[PDB]
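J.: Please see the structure below; I have some questions.
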Amino acid sequence: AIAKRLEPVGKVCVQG
Amino acid sequence: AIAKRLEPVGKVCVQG
Amino acid sequence: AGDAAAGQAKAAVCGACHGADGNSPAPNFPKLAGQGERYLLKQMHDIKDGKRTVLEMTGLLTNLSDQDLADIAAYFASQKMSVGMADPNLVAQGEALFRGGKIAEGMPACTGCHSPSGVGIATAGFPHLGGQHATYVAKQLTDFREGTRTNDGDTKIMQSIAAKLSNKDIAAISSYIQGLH
Amino acid sequence: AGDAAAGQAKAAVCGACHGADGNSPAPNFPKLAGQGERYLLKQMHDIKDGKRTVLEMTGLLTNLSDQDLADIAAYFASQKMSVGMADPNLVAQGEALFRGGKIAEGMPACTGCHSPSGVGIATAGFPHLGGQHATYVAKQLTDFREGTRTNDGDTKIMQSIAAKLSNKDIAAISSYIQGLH
Amino acid sequence: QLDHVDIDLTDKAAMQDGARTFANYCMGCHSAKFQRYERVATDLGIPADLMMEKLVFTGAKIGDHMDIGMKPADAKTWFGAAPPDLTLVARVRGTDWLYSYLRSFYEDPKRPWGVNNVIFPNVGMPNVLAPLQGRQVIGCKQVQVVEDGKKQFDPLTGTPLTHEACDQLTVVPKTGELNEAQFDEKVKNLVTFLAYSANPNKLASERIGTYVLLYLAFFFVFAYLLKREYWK
Amino acid sequence: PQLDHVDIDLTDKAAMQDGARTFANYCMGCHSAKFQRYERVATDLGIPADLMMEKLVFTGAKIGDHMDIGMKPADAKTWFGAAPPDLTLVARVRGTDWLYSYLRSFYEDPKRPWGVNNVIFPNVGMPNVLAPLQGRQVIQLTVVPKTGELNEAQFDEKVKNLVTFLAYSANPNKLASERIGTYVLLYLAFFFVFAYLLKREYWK
Ligand code: HEC
Ligand code: HEC
Ligand code: HEC
Ligand code: HEC
Ligand code: HEC
Ligand code: HEC
C-alpha cells in the first residue's frame with residue numbers, strides 16, 4: 001500500500 | 001629584489 | 001503559434017532524417033516527435049542563425065520562413081516520442097544521476113528542469129528527454145560539456161551541468177534517458 | 001639496483017620508439033630520459049604483467065628478466081629529459097592547474113607529488129613530468145580519468161586526480177607540462 | 001485571493017503521496033535540507049527500506065538531510081531566482097498560499113518560462129506540474145454566479161449555477177494526466193507533506209500540551225486552595 | 001631523537017620571503033596554511049600585494065583568502081597513508097628546531113612506501129620533496145655528491161628560511177607582541193611606583 005503510494009514517477013524501460 | 005626572491009620554482013618554455 | 005496540419009506537409013523534407021512523425025530510426029538523428037514546440041522552434045532558429053551548428057542541416061532551414069518553422073515545430077510537438085530501451089548494466093547509474101544528480105559535486109538532478117518522466121517543460125523550453133536516442137543524448141551532453149553546443153543561453157545551464165558529468169556518467173544517463181517514460 | 005652501463009646496451013631496442021637516450025622524437029611515445037628509476041621499473045613490470053596495457057609494447061618485455069629491466073630503467077634514469085614548448089594560448093591555464101589545482105573542486109596541485117619543476121620524486125615513484133610530450137601526458141591523464149590506466153595502485157591516486165580534469169584542462173596542463181622544466 | 005485547503009496532518013496516506021510528489025517533481029530544484037529522510041519516514045509511517053528505495057534518489061543515507069545537487073547560486077543564475085528551501089515554506093507562506101500558488105500557474109508567453117502565477121506574479125518558477133494539471137490559461141470559463149455574497153447553487157442537483165467569466169484559470173481539455181479534482185488532491189497531498197515538514201512536532205506538541213494543561217489545571221486547583229486558604 | 005638547533009630571526013624579511021617562496025612552491029602542493037591569509041603574509045613579510053598575487057598565490061585565490069590547497073585531507077590521507085597536516089601552526093606544534101632537523105633528516109630507505117625514512121620522524125609518510133635541492137641523502141646522514149642543486153650550507157639556509165617562515169606563520173603576532181608588551185610593562189612599572197607610594201603613604 002505504501003510502496004504503491006510511493007512509486008517513483010519516472011519509469012525506465014530496460015532491455016530484457 | 002623581492003620579485004627575484006619570490007620567483008616561482010617552475011619555469012615553463014613557451015613557443016615564441 | 002504554428003499550425004500542425006500545415007507543418008506536417010512542411011515537415012516532409014525533415015522526415016528523411018528525423019522520421020515522418022519525428023521518431024527517427026537512426027540513433028544519431030534526434031527524435032523530434034513530442035518535443036516541446038518552444039524548444040523545437042528555438043533549436044531551428046539557432047541552427048538557422050548559426051547559434052547551434054548542425055552540419056547535416058546546412059541550408060535546410062534558410063529557405064523556411066518563421067511561420068514555416070513554427071508550423072513544423074507545432075507538427076512535431078503534436079506527435080509522441082517513442083521510448084527506447086536502457087542498457088541493464090547502465091540503467092542503475094543513469095537513473096541515480098538523473099533522479100538525484102550529485103550532492104557532493106553540486107550537479108543538479110535532471111528531474112527538475114526535465115520532468116521526472118523526462119517530458120521536459122514545454123512552456124519553459126526545457127526539452128523532452130525521455131525516449132530520446134542514447135547516442136544523440138550522449139552527443140549533446142558531450143557537446144555541452146566541451147562547449148561545442150552553446151545555444152543554451154548566457155546562463156550556460158547545460159554547459160555548467162554537463163561540465164560535472166564524466167564520460168561514464170554521460171553514457172549511463174543517456175542509456176537511462178533512452179528508456180525513460 | 002640496475003646498471004646504467006649495461007642498460008644502455010639492453011635499451012637499444014627501446015630506442016626505436018623512445019629514442020636512443022630516451023628522449024623520444026614522436027609525441028605519442030613517452031620520453032624515458034631522466035625518468036625516475038623506481039617509476040620506470042614499476043611501469044616496465046606493470047606492462048610485463050598486464051597491469052598496464054601498451055599494445056605497441058606487446059611482448060617486448062616478456063624475454064627481459066628483472067635485472068635487465070632494472071638495468072634499462074637505470075640507464076634511462078641517468079639521462080636528462082628534453083624540454084619542449086608550451087602553447088602560448090594554453091600555458092596560463094595549464095600553469096594555474098599544475099601549480100594550484102582546484103580549490104573548489106578539491107583537485108590537488110601537481111607540484112606536490114611532482115616537484116614544482118616537474119622532476120617528480122624519484123624515490124617515491126612519482127614520475128618525472130616536466131618536458132614530457134604534451135600528447136603523451138594528455139593521453140595518460142585521459143586514461144586515468146576514464147579508468148583505462150589503473151596501475152597507479154589501490155589508492156587510485158591518479159585516477160581520482162584526473163577524474164576532476166576536463167578535456168580543456170587536460171590539454172592546457174599537458175601543454176604546460178611539455179614546456180615545464 | 002487564496003483558496004482554503006483543509007489539511008489533515010494525521011493522514012499518513014496523504015502525507016506519503018505528498019512526499020512522493022515532493023521527491024519526484026520538486027527535489028529537482030528545491031531542497032528540504034532541514035529535514036532528514038529518517039524522520040520523514042518515521043513520521044509518515046514509511047518503512048526505512050521503502051523510504052530508501054522510493055524517496056531517496058540522491059544516494060544519501062536514511063539519516064541524511066534532504067539535500068539536492070542543485071546549488072542555490074547555480075539555480076539563481078539559471079532561473080533568475082534561487083529556488084528556496086521548502087522545509088519551512090508552509091510556515092513562511094502558509095498552506096493556503098501554497099495550495100493556491102501550485103494551482104495558479106497559467107501560460108504566459110511574455111515570461112521567461114512561458115508561465116505566470118496568479119498568487120505569485122512574475123514568479124521565476126517553471127510550471128513543473130504542467131504534465132499533471134495540463135495546460136492552464138487565462139481564458140473564459142463557467143464560474144458560479146455571486147451577487148453580494150448571494151451564491152447560487154442548484155437546489156435540485158446541488159451543483160453551482162454558473163455564468164461565463166473571461167479572466168479565469170481554465171485547464172485546456174485533455175492536456176494533463178489529472179483532472180481538476182485529481183490535481184486538487186495531488187496538490188493537497190503535496191501541501192500536507194510540506195505542512196508536516198515545516199512543523200513536524202505539531203501532533204506531539206498538541207498531545208504534550210494537552211497533558212501539560214491538564215497538569216496545570218490540577219496544580220492551579222491546589223495553588224488556589226493554598227492561597228485562598230492561608231489568606232483567611 | 002636529537003635535534004639540531006637553528007637560530008630563527010623573525011625580523012629577517014628576506015629570509016621569511018625566501019621561506020614563503022619555498023613553502024608556496026614545494027609545500028603547498030600537499031599542505032595547507034589555511035589559518036593564515038595571503039594578504040597578512042604579504043603585509044608582515046613586506047611583500048607588495050601585486051607581487052604576492054603574482055609570485056606566491058598559485059591557487060587562483062584572492063589576496064585576502066586563506067592559503068588553502070586543492071588536496072583535500074581525506075584524499076591525501078588515502079594516498080599517502082597519513083594526512084599532510086596544516087602547517088600554519090606546525091612551528092608551534094613541533095618547534096623550529098624539530099622542523100629544522102626533520103626537513104634535513106630525510107634519507108633513502110627502500111623498505112618504506114615512498115623510498116625514504118626520517119631520523120626525526122621515523123616511518124613518516126612524507127615523500128622527500130626537497131630531494132632535488134638537498135640531493136640524495138643516505139645513511140649518520142650523508143648527501144651523495146652531485147645529486148642536488150644546493151650544497152649542505154645552501155640547503156640549510158633554504159630550510160632555515162622555510163622554518164623561519166613557518167615560525168612566523170605559527171606566531172604572526174610575536175613582533176607586535178614584544179613591541180606592545182614593552183610599553184605595557186613600562187606603564188605597569190610606572191603605575192606600580194604610584195601604587196606602591198600610595199600604599200606606603202596610607203600605611204603610616
Ligand atoms: C513541487 C513541484 C514544487 C513546489 C511545491 C514548489 N516548487 Fe519551486 N521554485 C523554483 C524557482 C526558480 C523559484 C523562485 C522563484 C522566484 O523567487 O521568483 C521557486 C519558488 C517556489 C516557491 C515560492 C516560495 C516563496 O517563499 O516565495 C514555492 C512555494 C515553490 N517553489 C514550491 C523552481 C522549481 C523547480 C525547478 C524546475 C522545481 C522542479 C520546483 N520549483 C518544484 C516545486
Ligand atoms: C539529415 C540530412 C537531416 C535532415 C533532412 C533534417 N535534420 Fe534535423 N538534425 C539532423 C541531425 C544529425 C541533428 C542532430 C545534431 C546534433 O548536434 O547531434 C539534427 C537536429 C535537429 C534539431 C534539434 C533537435 C533537438 O535538439 O532535440 C531540430 C529541432 C531539427 N533538427 C529540425 C529539423 C527540421 C525542421 C528539419 C526539416 C526542415 C530537419 N531537422 C531536417 C539531421 C537532419
Ligand atoms: C614502439 C614499438 C615501442 C618500443 C620499441 C618500446 N616502447 Fe615503451 N612505450 C611505447 C608507447 C606507445 C608507450 C606509451 C603507452 C601509453 O599508454 O600511451 C610506451 C611507454 C613505455 C613506458 C612508460 C613510460 C611512462 O612515462 O610511463 C615505459 C617504462 C616503457 N615504455 C619501456 C620500454 C622499454 C624498456 C622498451 C624496450 C624493451 C620499450 N619501452 C620499447 C612504445 C614502445
Ligand atoms: C605531498 C607530496 C607532500 C608535500 C609536497 C609536502 N608534504 Fe609534508 N607531509 C605530507 C604527509 C603525507 C605528512 C604526514 C606524514 C605522517 O606520517 O604523518 C606530512 C607531514 C609533514 C610534517 C609533520 C607535521 C607533524 O607531524 O605535526 C611536516 C613538519 C611537514 N610535512 C613539512 C613539510 C614541508 C616543510 C614541506 C615543503 C618543503 C612539505 N611538508 C611538503 C605530505 C607532503
Ligand atoms: C535546469 C533548467 C536544467 C536541468 C537541471 C538540466 N537541464 Fe537539460 N536542458 C536545460 C535547458 C534550458 C536545455 C535547452 C538547451 C538549449 O536550448 O539549447 C536543456 C537541454 C538538454 C539536452 C539537449 C536535448 C536535445 O538536444 O534534444 C540534454 C540531452 C539534456 N538537457 C540533458 C540533461 C541531463 C542529463 C541533465 C541531468 C544531468 C539535465 N539535462 C539537467 C536545462 C536543464
Ligand atoms: C600526489 C598523490 C599526486 C598528485 C597531487 C598528482 N600526481 Fe601525478 N602521479 C602520482 C603518482 C603516484 C603517479 C604514478 C602512476 C603510476 O604508477 O602508474 C603519477 C603519474 C602521473 C602521470 C603519468 C606520467 C607518465 O606516464 O610518465 C601523469 C601524466 C600525471 N601523474 C599527471 C599529473 C597531473 C596533471 C597532476 C595535477 C593535476 C598530478 N599528476 C598530480 C601522484 C600524484
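Residues are referred to by chain and number: the chain letter is A, B, ... according to the order shown in the C-alpha cells, the number counts from 1 in that chain, and ligands are numbered separately from 1 in the order shown.
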Go ahead and align chain D to chain C (same sequence, so just pair every C-alpha in order, least squares) and export the moved chain as a compact mmCIF listing (two decimals) with C-alpha atoms, in the first residue's frame.
T.:
# COMPACT_ATOMS: atom_id res chain seq x y z
CA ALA D 1 1.76 29.86 -32.92
CA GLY D 2 2.32 27.22 -35.58
CA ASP D 3 -0.19 25.01 -37.38
CA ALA D 4 0.45 21.27 -37.04
CA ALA D 5 -1.68 20.45 -40.09
CA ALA D 6 0.44 22.58 -42.43
CA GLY D 7 3.58 21.63 -40.52
CA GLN D 8 3.09 17.98 -41.44
CA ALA D 9 3.36 18.89 -45.12
CA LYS D 10 6.21 21.31 -44.41
CA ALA D 11 8.02 18.72 -42.25
CA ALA D 12 8.12 15.99 -44.91
CA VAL D 13 11.66 16.89 -45.98
CA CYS D 14 12.80 16.57 -42.36
CA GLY D 15 11.29 13.09 -42.11
CA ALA D 16 14.15 11.79 -44.24
CA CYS D 17 16.41 12.01 -41.16
CA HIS D 18 14.04 12.51 -38.21
CA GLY D 19 11.27 10.18 -39.41
CA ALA D 20 7.89 11.00 -40.86
CA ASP D 21 6.32 11.40 -37.41
CA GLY D 22 9.53 12.75 -35.86
CA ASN D 23 10.60 9.41 -34.35
CA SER D 24 13.95 9.00 -36.07
CA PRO D 25 15.10 5.42 -36.75
CA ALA D 26 18.82 6.19 -36.63
CA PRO D 27 20.33 6.88 -33.17
CA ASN D 28 22.43 9.82 -34.38
CA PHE D 29 19.35 11.75 -35.53
CA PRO D 30 17.29 13.19 -32.64
CA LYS D 31 13.61 12.35 -32.34
CA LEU D 32 11.44 15.43 -32.84
CA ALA D 33 8.13 13.73 -32.04
CA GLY D 34 6.55 15.04 -28.85
CA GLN D 35 9.31 17.60 -28.35
CA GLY D 36 8.33 20.92 -26.81
CA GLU D 37 7.15 23.39 -29.44
CA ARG D 38 9.10 26.25 -27.87
CA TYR D 39 12.28 24.17 -27.68
CA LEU D 40 11.88 22.90 -31.25
CA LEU D 41 11.40 26.44 -32.56
CA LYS D 42 14.37 27.71 -30.55
CA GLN D 43 16.60 24.95 -31.93
CA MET D 44 15.37 25.61 -35.47
CA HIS D 45 16.16 29.32 -35.17
CA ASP D 46 19.54 28.61 -33.55
CA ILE D 47 20.46 26.30 -36.42
CA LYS D 48 19.28 28.93 -38.90
CA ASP D 49 21.30 31.75 -37.32
CA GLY D 50 24.34 29.58 -36.54
CA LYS D 51 23.86 29.65 -32.77
CA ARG D 52 23.80 25.84 -33.04
CA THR D 53 25.90 24.08 -35.67
CA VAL D 54 24.33 21.06 -37.38
CA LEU D 55 26.38 20.26 -40.48
CA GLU D 56 23.80 17.75 -41.74
CA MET D 57 21.22 20.58 -41.63
CA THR D 58 23.35 23.07 -43.58
CA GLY D 59 20.98 25.23 -45.59
CA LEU D 60 17.85 23.18 -44.88
CA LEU D 61 16.23 25.96 -42.80
CA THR D 62 17.49 29.01 -44.72
CA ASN D 63 14.50 29.02 -47.10
CA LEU D 64 11.96 28.32 -44.33
CA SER D 65 10.37 31.44 -42.84
CA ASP D 66 9.39 31.96 -39.21
CA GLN D 67 5.85 30.71 -39.84
CA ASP D 68 7.09 27.59 -41.64
CA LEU D 69 9.43 26.78 -38.75
CA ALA D 70 6.58 27.38 -36.30
CA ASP D 71 4.33 25.03 -38.28
CA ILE D 72 6.99 22.31 -38.37
CA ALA D 73 7.62 22.67 -34.64
CA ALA D 74 3.89 22.53 -33.90
CA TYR D 75 3.50 19.42 -36.06
CA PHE D 76 6.38 17.62 -34.34
CA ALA D 77 5.17 18.67 -30.88
CA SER D 78 1.75 17.13 -31.58
CA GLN D 79 3.41 13.72 -32.04
CA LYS D 80 4.49 11.27 -29.33
CA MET D 81 8.16 10.45 -28.82
CA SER D 82 8.83 6.72 -28.97
CA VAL D 83 10.58 5.08 -26.02
CA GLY D 84 13.70 2.96 -26.40
CA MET D 85 15.36 0.61 -23.94
CA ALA D 86 18.06 1.30 -21.36
CA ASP D 87 21.15 -0.87 -21.05
CA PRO D 88 20.70 -3.09 -17.96
CA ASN D 89 24.34 -2.61 -16.97
CA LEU D 90 23.91 1.19 -17.14
CA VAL D 91 20.31 1.80 -16.02
CA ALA D 92 21.14 1.93 -12.30
CA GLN D 93 23.87 4.57 -12.58
CA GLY D 94 21.96 6.58 -15.18
CA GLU D 95 18.80 6.53 -13.08
CA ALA D 96 20.75 7.62 -10.00
CA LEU D 97 22.30 10.55 -11.88
CA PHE D 98 19.03 11.56 -13.55
CA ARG D 99 16.94 11.52 -10.37
CA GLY D 100 19.49 12.69 -7.80
CA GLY D 101 22.29 14.44 -9.66
CA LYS D 102 25.41 14.71 -7.50
CA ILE D 103 25.15 16.15 -3.99
CA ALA D 104 28.91 16.26 -3.44
CA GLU D 105 29.81 17.64 -6.88
CA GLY D 106 26.85 20.04 -6.87
CA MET D 107 25.42 18.67 -10.12
CA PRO D 108 21.62 19.09 -10.28
CA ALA D 109 19.24 16.24 -10.82
CA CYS D 110 17.67 16.32 -14.27
CA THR D 111 14.15 15.72 -12.92
CA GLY D 112 13.67 19.43 -12.16
CA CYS D 113 13.92 21.15 -15.54
CA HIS D 114 13.13 17.90 -17.34
CA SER D 115 10.12 16.27 -15.71
CA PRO D 116 10.73 13.18 -13.54
CA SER D 117 9.43 11.24 -16.56
CA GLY D 118 11.63 13.19 -18.98
CA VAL D 119 8.79 15.00 -20.77
CA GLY D 120 10.54 18.33 -20.24
CA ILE D 121 8.67 21.56 -19.63
CA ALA D 122 7.12 22.66 -22.92
CA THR D 123 6.30 26.22 -21.86
CA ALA D 124 9.72 26.87 -20.29
CA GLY D 125 11.59 25.52 -23.32
CA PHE D 126 13.14 22.65 -21.37
CA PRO D 127 13.41 19.85 -23.95
CA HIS D 128 11.64 16.53 -23.75
CA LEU D 129 14.33 13.95 -22.95
CA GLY D 130 12.61 10.64 -22.19
CA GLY D 131 12.82 8.22 -25.09
CA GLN D 132 15.41 10.26 -26.99
CA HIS D 133 18.15 8.24 -28.66
CA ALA D 134 20.91 7.42 -26.20
CA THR D 135 23.57 8.22 -28.80
CA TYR D 136 22.09 11.65 -29.51
CA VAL D 137 21.67 12.47 -25.81
CA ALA D 138 25.26 11.43 -25.17
CA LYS D 139 26.47 13.62 -28.04
CA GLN D 140 24.48 16.59 -26.74
CA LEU D 141 25.82 16.16 -23.21
CA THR D 142 29.36 15.83 -24.57
CA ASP D 143 28.95 18.98 -26.68
CA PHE D 144 27.58 20.89 -23.69
CA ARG D 145 30.47 19.68 -21.52
CA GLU D 146 33.07 20.59 -24.16
CA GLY D 147 31.42 23.89 -25.08
CA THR D 148 30.74 22.69 -28.63
CA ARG D 149 27.04 23.44 -28.12
CA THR D 150 26.48 26.87 -26.57
CA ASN D 151 22.91 27.76 -27.61
CA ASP D 152 21.62 27.11 -24.08
CA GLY D 153 21.95 30.84 -23.34
CA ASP D 154 24.17 33.21 -21.41
CA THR D 155 23.38 31.41 -18.15
CA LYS D 156 25.13 28.36 -19.66
CA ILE D 157 22.63 26.06 -17.97
CA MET D 158 23.50 22.84 -19.75
CA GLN D 159 27.17 23.69 -20.26
CA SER D 160 27.51 24.12 -16.49
CA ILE D 161 25.49 20.98 -15.75
CA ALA D 162 27.36 18.80 -18.26
CA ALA D 163 30.72 20.10 -17.04
CA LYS D 164 30.18 17.82 -14.02
CA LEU D 165 29.32 14.67 -16.03
CA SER D 166 32.02 12.14 -16.85
CA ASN D 167 32.04 10.01 -19.98
CA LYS D 168 30.73 7.04 -18.00
CA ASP D 169 28.12 9.27 -16.36
CA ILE D 170 27.10 10.58 -19.78
CA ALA D 171 26.79 7.05 -21.18
CA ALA D 172 24.73 5.76 -18.26
CA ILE D 173 22.43 8.78 -18.15
CA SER D 174 21.94 8.65 -21.92
CA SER D 175 20.96 4.98 -21.73
CA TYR D 176 18.54 5.69 -18.88
CA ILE D 177 17.04 8.64 -20.78
CA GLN D 178 16.58 6.42 -23.82
CA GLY D 179 14.71 3.93 -21.65
CA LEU D 180 12.92 6.64 -19.67
CA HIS D 181 9.22 7.41 -20.09
J.: Give me, as a Markdown table, the closest atom pair and its distance (Å, one decimal) for every residue of chain E within a cut-off of 7 Å of ligand 5, counting only C-alpha atoms and all ligand atoms, rows sorted by chain and rising number.
T.:
| residue | atom | partner | partner_atom_place_in_ligand_line | distance |
| --- | --- | --- | --- | --- |
| E:28 | CA | ligand 5 | 5 (C) | 6.8 |
| E:78 | CA | ligand 5 | 2 (C) | 6.2 |
| E:79 | CA | ligand 5 | 2 (C) | 7.0 |
J.: With a distance threshold of 7 Å and counting only C-alpha atoms, extract the residues of chain A near chain E and express them as a PDB file with N, CA and C atoms, in the first residue's frame.
T.:
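See result-v2.pdb below for the written result:
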ATOM      1  N   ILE A   2       1.803   1.324   0.951  1.00  0.00           N
ATOM      2  CA  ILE A   2       2.737   2.444   0.979  1.00  0.00           C
ATOM      3  C   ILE A   2       3.643   2.404  -0.246  1.00  0.00           C
ATOM      4  N   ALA A   3       4.107   1.210  -0.623  1.00  0.00           N
ATOM      5  CA  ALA A   3       5.013   1.091  -1.760  1.00  0.00           C
ATOM      6  C   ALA A   3       4.356   1.597  -3.038  1.00  0.00           C
ATOM      7  N   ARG A   5       1.898   3.734  -3.136  1.00  0.00           N
ATOM      8  CA  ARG A   5       1.751   5.167  -2.925  1.00  0.00           C
ATOM      9  C   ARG A   5       3.040   5.925  -3.213  1.00  0.00           C
ATOM     10  N   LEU A   6       4.193   5.290  -3.011  1.00  0.00           N
ATOM     11  CA  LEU A   6       5.488   5.952  -3.080  1.00  0.00           C
ATOM     12  C   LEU A   6       6.231   5.668  -4.383  1.00  0.00           C
ATOM     13  N   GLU A   7       5.568   5.079  -5.369  1.00  0.00           N
ATOM     14  CA  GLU A   7       6.248   4.668  -6.589  1.00  0.00           C
ATOM     15  C   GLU A   7       6.883   5.884  -7.262  1.00  0.00           C
ATOM     16  N   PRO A   8       8.151   5.815  -7.677  1.00  0.00           N
ATOM     17  CA  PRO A   8       8.743   6.959  -8.383  1.00  0.00           C
ATOM     18  C   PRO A   8       8.015   7.252  -9.685  1.00  0.00           C
ATOM     19  N   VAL A   9       7.972   8.539 -10.035  1.00  0.00           N
ATOM     20  CA  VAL A   9       7.257   8.963 -11.234  1.00  0.00           C
ATOM     21  C   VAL A   9       7.944   8.432 -12.486  1.00  0.00           C
TER      22      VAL A   9
END
J.: Please write out the residues within 6 Å of ligand 4 as a PyMOL selection string, counting only C-alpha atoms and all ligand atoms.
T.: (chain D and resi 112-113) or (chain F and resi 23+26-27+29-31+80+82-85+90+99+124-127+129-130)
J.: For chain F, which residues have at least one atom within 8 Å of chain D, if we go by only C-alpha atoms? Write them as a PyMOL selection string, please.
T.: chain F and resi 25-30+58-60+68-72+78-79+108+113-116+127-129+131
J.: With N, CA, C and O atoms retained, export the selected residues as a compact mmCIF listing (two decimals), in the first residue's frame.
T.:
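Wrote out-v3.txt, looks like this:
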# COMPACT_ATOMS: atom_id res chain seq x y z
N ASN F 25 55.97 26.88 -3.20
CA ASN F 25 56.35 26.06 -4.34
C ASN F 25 56.43 24.57 -3.99
O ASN F 25 55.93 23.73 -4.73
N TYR F 26 57.06 24.23 -2.86
CA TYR F 26 57.37 22.85 -2.53
C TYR F 26 56.44 22.25 -1.48
O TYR F 26 56.41 21.03 -1.34
N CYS F 27 55.71 23.07 -0.74
CA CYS F 27 54.95 22.59 0.41
C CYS F 27 53.45 22.71 0.25
O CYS F 27 52.71 21.88 0.77
N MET F 28 52.97 23.73 -0.47
CA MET F 28 51.54 23.91 -0.62
C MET F 28 50.93 22.91 -1.59
O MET F 28 49.70 22.89 -1.74
N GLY F 29 51.74 22.08 -2.25
CA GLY F 29 51.18 21.02 -3.06
C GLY F 29 50.34 20.04 -2.25
O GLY F 29 49.29 19.59 -2.70
N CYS F 30 50.81 19.71 -1.04
CA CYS F 30 50.09 18.80 -0.16
C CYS F 30 49.63 19.43 1.14
O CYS F 30 48.64 18.96 1.72
N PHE F 58 49.16 30.66 -6.21
CA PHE F 58 49.05 29.80 -7.38
C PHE F 58 47.68 29.16 -7.53
O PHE F 58 47.39 28.60 -8.59
N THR F 59 46.84 29.21 -6.50
CA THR F 59 45.55 28.53 -6.49
C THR F 59 44.45 29.35 -7.15
O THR F 59 43.32 28.87 -7.24
N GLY F 60 44.75 30.56 -7.62
CA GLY F 60 43.72 31.43 -8.14
C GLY F 60 42.94 32.17 -7.08
O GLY F 60 41.95 32.84 -7.41
N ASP F 68 44.63 28.11 1.24
CA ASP F 68 44.08 26.78 1.04
C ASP F 68 44.72 26.10 -0.17
O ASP F 68 45.34 26.75 -1.01
N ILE F 69 44.55 24.78 -0.24
CA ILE F 69 45.09 23.99 -1.34
C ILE F 69 44.01 23.04 -1.84
O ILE F 69 43.02 22.76 -1.16
N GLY F 70 44.23 22.54 -3.06
CA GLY F 70 43.26 21.64 -3.66
C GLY F 70 43.24 20.26 -3.03
O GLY F 70 42.19 19.62 -2.97
N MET F 71 44.39 19.79 -2.56
CA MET F 71 44.48 18.45 -2.00
C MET F 71 43.66 18.37 -0.71
O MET F 71 44.04 18.95 0.31
N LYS F 72 42.54 17.65 -0.76
CA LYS F 72 41.69 17.52 0.41
C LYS F 72 42.32 16.57 1.42
O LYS F 72 43.01 15.62 1.05
N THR F 78 44.26 9.04 2.21
CA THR F 78 44.18 7.81 1.44
C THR F 78 45.46 7.59 0.63
O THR F 78 46.01 6.48 0.62
N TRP F 79 45.95 8.63 -0.03
CA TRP F 79 47.06 8.47 -0.97
C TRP F 79 48.37 8.18 -0.24
O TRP F 79 49.10 7.25 -0.61
N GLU F 108 67.29 7.84 2.25
CA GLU F 108 66.70 6.83 1.39
C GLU F 108 66.56 5.51 2.14
O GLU F 108 67.54 4.99 2.69
N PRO F 113 57.26 3.02 1.93
CA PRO F 113 56.41 3.18 0.74
C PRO F 113 56.92 4.21 -0.24
O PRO F 113 56.80 4.01 -1.46
N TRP F 114 57.49 5.31 0.24
CA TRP F 114 58.00 6.38 -0.61
C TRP F 114 59.51 6.33 -0.76
O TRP F 114 60.12 7.30 -1.22
N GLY F 115 60.13 5.22 -0.36
CA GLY F 115 61.56 5.06 -0.56
C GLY F 115 62.41 5.90 0.35
O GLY F 115 63.62 6.01 0.12
N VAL F 116 61.83 6.51 1.38
CA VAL F 116 62.57 7.37 2.30
C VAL F 116 62.08 7.14 3.72
O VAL F 116 60.95 6.72 3.96
N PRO F 127 56.83 11.95 1.42
CA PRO F 127 57.90 11.79 0.42
C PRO F 127 58.95 12.87 0.61
O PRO F 127 58.66 13.97 1.07
N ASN F 128 60.19 12.53 0.25
CA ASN F 128 61.26 13.51 0.34
C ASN F 128 61.13 14.51 -0.80
O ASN F 128 61.71 14.33 -1.87
N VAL F 129 60.35 15.57 -0.57
CA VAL F 129 60.02 16.51 -1.64
C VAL F 129 61.13 17.51 -1.92
O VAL F 129 61.12 18.14 -2.98
N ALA F 131 64.30 16.56 -2.10
CA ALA F 131 65.42 15.81 -2.66
C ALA F 131 66.09 16.53 -3.82
O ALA F 131 67.33 16.50 -3.89
